[PDB]
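Protein chains get the first letters and strands the later ones, always in sequence-line order, with residue 1 at the start of each. Keep in mind that the numbers below use all heavy atoms, side chains included, and drop hydrogens, waters and symmetry copies.
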Amino acid sequence: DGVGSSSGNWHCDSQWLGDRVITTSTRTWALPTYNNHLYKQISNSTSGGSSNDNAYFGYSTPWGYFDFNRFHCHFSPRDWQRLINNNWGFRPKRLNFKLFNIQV
Amino acid sequence: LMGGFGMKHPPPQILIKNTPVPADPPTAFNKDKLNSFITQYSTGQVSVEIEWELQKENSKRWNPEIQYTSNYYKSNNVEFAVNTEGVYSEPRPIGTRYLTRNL
């Protein structure tokens with residue numbers, strides 16, 4: 001839209017329906033430039049590794065990524081208590097992801 | 001004051017009695033009330049069904065709360081279970097107040 005408008009709102013709550021729980025988490029992030037915008041070959045040689053069990057070859061990228069793959073990202077400790085004391089089981093169903101209010 | 005729900009019209013009293021069954025009366029009339037009865041008692045089943053309305057917790061509290069629990073540690077008996085002699089017991093009084101609210 002424009003410079004002066006917020007592109008999204010903070011939504012952090014959790015919502016307990018009968019057989020469903022909807023967690024929503026909002027955080028503030030910062031993204032540096034990585035690798036001076038470069039792709040780089042990396043290996044245990046570039047890091048000085050020695051043992052064959054630890055040898056590797058790969059690439060580091062200028063990119064970065066989001067990880068919400070831990071439960072404390074989505075559940076407050078109270079919500080976790082509420083889950084584990086009342087339920088025999090749970091599984092994830094849907095996912096919704098948003099990036100907004102970007103500031104460079 | 002002992003706790004619970006005060007009511008102008010509480011659940012009504014349910015009164016039950018075995019109806020007296022006279023023993024053999026005399027064969028000449030007597031005006032006295034009969035004091036001689038067949039020894040008697042009754043048994044049966046009772047069902048009580050109560051519907052209870054609940055008020056859910058809405059809390060925004062972040063940290064986990066106090067809850068009533070059983071303790072895992074080994075014991076000769078299970079709490080709130082039957083004895084080795086068949087005697088059910090209640091080991092502790094349990095109140096209702098665990099969850100919290102703001103004041």
Side-chain angles (χ1 to χ4, degrees), chain A residues 1 4-32 64-103, chain B residues 1-7 9-12 45-103:
Chain A
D1 190 7
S5 294
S6 176
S7 62
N9 286 329
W10 185 274
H11 188 194
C12 201
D13 62 353
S14 65
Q15 187 177 355
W16 290 84
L17 274 69
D19 71 314
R20 295 296 164 102
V21 196
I22 296 171
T23 61
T24 308
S25 292
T26 299
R27 301 292 186 271
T28 296
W29 54 269
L31 177 61
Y65 66 95
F66 293 95
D67 180 71
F68 48 90
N69 192 21
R70 299 175 71 184
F71 286 102
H72 59 55
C73 299
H74 311 286
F75 291 94
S76 67
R78 177 70 184 96
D79 281 336
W80 185 257
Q81 195 187 15
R82 188 179 299 173
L83 173 65
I84 62 176
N85 285 343
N86 298 125
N87 293 281
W88 274 346
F90 61 93
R91 56 181 179 184
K93 302 299 285 187
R94 293 179 180 82
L95 189 151
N96 195 34
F97 181 89
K98 291 176 181 175
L99 288 172
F100 56 95
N101 291 336
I102 287 95
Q103 297 168 331
Chain B
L1 290 176
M2 292 187 284
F5 303 94
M7 300 177 74
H9 303 294
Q45 281 84 18
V46 181
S47 290
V48 182
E49 182 182 3
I50 295 174
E51 183 179 3
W52 298 90
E53 184 180 4
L54 300 178
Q55 187 171 355
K56 290 182 296 296
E57 177 187 9
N58 200 30
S59 178
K60 295 297 285 187
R61 168 170 174 157
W62 180 261
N63 53 328
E65 253 159 354
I66 306 177
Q67 305 272 69
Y68 176 78
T69 57
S70 296
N71 299 345
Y72 183 76
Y73 193 69
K74 359 155 292 184
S75 48
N76 291 344
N77 295 334
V78 173
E79 291 184 351
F80 295 98
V82 81
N83 197 26
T84 192
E85 297 303 316
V87 178
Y88 180 77
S89 66
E90 290 172 341
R92 207 179 298 104
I94 317 181
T96 57
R97 292 170 177 166
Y98 290 89
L99 302 176
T100 58
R101 289 178 63 98
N102 286 329
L103 179 59

* B/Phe80, CZ: over 12 other non-hydrogen atoms inside 6.0 angstrom -> yes

* For B/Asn102, does the CG atom sit with more than 12 other heavy atoms under 6.0 Å from it, leaving out its own atoms? -> no

* Asked: Do other residues, nucleotides or ligands put more than 12 heavy atoms under 6.0 Å from B/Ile66 CD1?
  -> no

* To do: Please round to the nearest 0.5 Å and tell me the distance separating atom CG of A/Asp79 and atom NZ of B/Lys60.
  => 8.0 Å

* Asked: Which atoms of A/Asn85 come close to chain B, meaning under 4.5 Å heavy atom to heavy atom: side chain ones, backbone ones, both, or neither?
  -> side chain

* Below 4.5 Å from any heavy atom of chain A, which atoms of B/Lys56 appear? Answer side chain, backbone, both or neither. => neither

* To do: Among A/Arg82, A/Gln81, A/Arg78, single out the residue with the greatest number of heavy-atom pairs under 4.5 Å to chain B.
  => A/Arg78

* Asked: Does CG belonging to A/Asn69 count more than 12 external heavy atoms closer than 6.0 Å?
  -> no

